[PDB]
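Undergrad: Following this message is one structure expressed as structure tokens.
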Amino acid sequence: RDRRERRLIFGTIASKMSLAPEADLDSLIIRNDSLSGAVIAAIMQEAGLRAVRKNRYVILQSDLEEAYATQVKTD
Amino acid sequence: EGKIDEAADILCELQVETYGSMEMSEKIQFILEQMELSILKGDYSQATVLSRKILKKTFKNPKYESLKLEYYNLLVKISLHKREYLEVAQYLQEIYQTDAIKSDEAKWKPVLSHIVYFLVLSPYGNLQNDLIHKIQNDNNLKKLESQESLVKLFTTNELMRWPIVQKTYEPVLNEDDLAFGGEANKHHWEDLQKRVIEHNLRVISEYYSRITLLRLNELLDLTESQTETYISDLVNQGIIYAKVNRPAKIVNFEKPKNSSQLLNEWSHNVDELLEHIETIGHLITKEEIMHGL
Amino acid sequence: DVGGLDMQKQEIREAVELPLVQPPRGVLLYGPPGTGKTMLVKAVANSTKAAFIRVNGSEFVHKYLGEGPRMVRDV
Amino acid sequence: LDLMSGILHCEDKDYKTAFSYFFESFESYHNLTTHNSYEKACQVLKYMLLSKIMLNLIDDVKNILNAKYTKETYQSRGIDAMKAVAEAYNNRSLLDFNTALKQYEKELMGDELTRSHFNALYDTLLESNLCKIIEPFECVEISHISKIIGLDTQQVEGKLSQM
């Protein structure tokens, strides 16, 4: 993934995904590099789930970082 | 102390930090209080996430009207600052009903008295149009009825009425700071100004093939532009038909006459006789024979 | 709807959407699908608006020496 | 490239691409900085801006302009235009553009993209407004709308006609 892609990937899901102001894709544009758009799209709506899994109607960067840093290595 | 935000704030994180709702009843009150502070904060949103989580569970409670009402009142107050009146009264209506059970009719009427009032305060509602009669509504003591009578006034709506009805009703009626924050009644009146005008257009709508802007302004008791607005409104709302001709100062009311009509109209003209000749017929010979004689 | 695939979505367009209009008889999408790579399919399959036929390499496993290719031909 | 991407990808639009092209490109140019012909960063940004602004999603535009990084903490009439543009856009106001337009013309006209796109873009909005104003039904004097829109009927007319 080149970052414009992520930038577009991120600018894809969080577009339709109720977010918490913490949620920062341009924070992730540095965080996220060299990954798979699906997983990236996953991390997007993984956070889409996690805040909902936390019953947060506002998906954080945490919720993202939850998704992200959990999925930076699923290991 | 006058601390509000931090006061809210130290309390703002409960739902999350604190209980997984190990005890809601405790928690929800803070949630409430947060919601309350959320008002002191002025942000429903705190309340919101709280709010839209909580109430069903009060419903899922061995349902606690207090926990309802309190919330429901917040829910009110939410909707108040919100000022979305269907929704306002919608909430109202909800535990309002619960407070037929809970309150008397009486003490609980003003809710209603405001509920439909809110419903009317709302530019309209469709459910409202169903909510129109309810049943014992015009709860059959207060009026409470001019309320529904206005709801009734709708079908005949005129808007010579407006300042009249304004003058006509404000014991609380137009005049409500009571459970609604019309500080002036504009938040009724103004809001209701169009509201009537709005609905007035509806019966106006039906009653017109064509009209002058004047006859509008005549009946509307409005300036052209106002009218034009209200025109353009439902024009831009599409909610009606019209003709804007200022050069005519005239509204053709816009019959959409290309339906080809005599497709069905004649088909109905057929249907007429299909009804008619057929309906009218089948009894005829049957008739004088059914009597015979 | 997977952001940043324009070049690749163009690459598909170049592969299909254009050659449908204008020649390759088949195009190879290469990568994990369902990743947006399957979205690639529908997204373009949507955009192409040609009667779409997916297959699975797993659709024909039926034990028969028999029917098999028939609709593979006829479809 | 990303710039030249959007340089195509503004023409054909797909601002989202273009803009994101502009984004990471500017993100580069932001970081490329002095290496970059200095302001060409913000130019891309201006395109990146107007991308969103031709896209007409103005929070980000602001958020862009708000973010000083994006801003490179750098402001310009074009920036202010782009804002005012977006504002005039949010205004949908015939004048406000031409207000912003005329004034900001430098760093506005200077950008052919904008110079090309946005002008016509704005013009559509005007129609779109007119279109909204023509929602009030016809046989009605242009001057009404002219007055309404605050434009010369003639100035209205051709455009008016044009539709």
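Count begins at 1; order follows the chain as displayed.
Just so you know, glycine gets a Cβ as well, placed from its N, Cα and C.
So Swiss-Prot has the following annotated:
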- C:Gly31, C:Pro32, C:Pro33, C:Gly34, C:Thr35, C:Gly36, C:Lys37, C:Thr38: ATP binding site (BINDING)
Undergrad: Count, for each of the binding-site residues C:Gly31, C:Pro32, C:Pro33, C:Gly34, C:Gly36, the other C-beta atoms lying within 10 angstroms of its own C-beta, and report the residue with the smallest count.
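TA: Each of the binding-site residues C:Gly31, C:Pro32, C:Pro33, C:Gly34, C:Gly36 was scored; lowest Cβ tally within 10 Å is C:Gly34.
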Undergrad: Using a Cβ-Cβ cut-off below 8 Å, which of the binding-site residues C:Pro32, C:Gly34, C:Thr35, C:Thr38 are near chain A?
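TA: Contact set vs A: C:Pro32, C:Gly34, C:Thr35.
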Undergrad: Taking the Cβ of C:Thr35 (ATP binding site) as the reference point, list residues of the same chain whose Cβ is under 8 angstroms away and which are at least six residues distant in sequence.
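TA: In sequence order, C:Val2 meet the Cβ cut-off.
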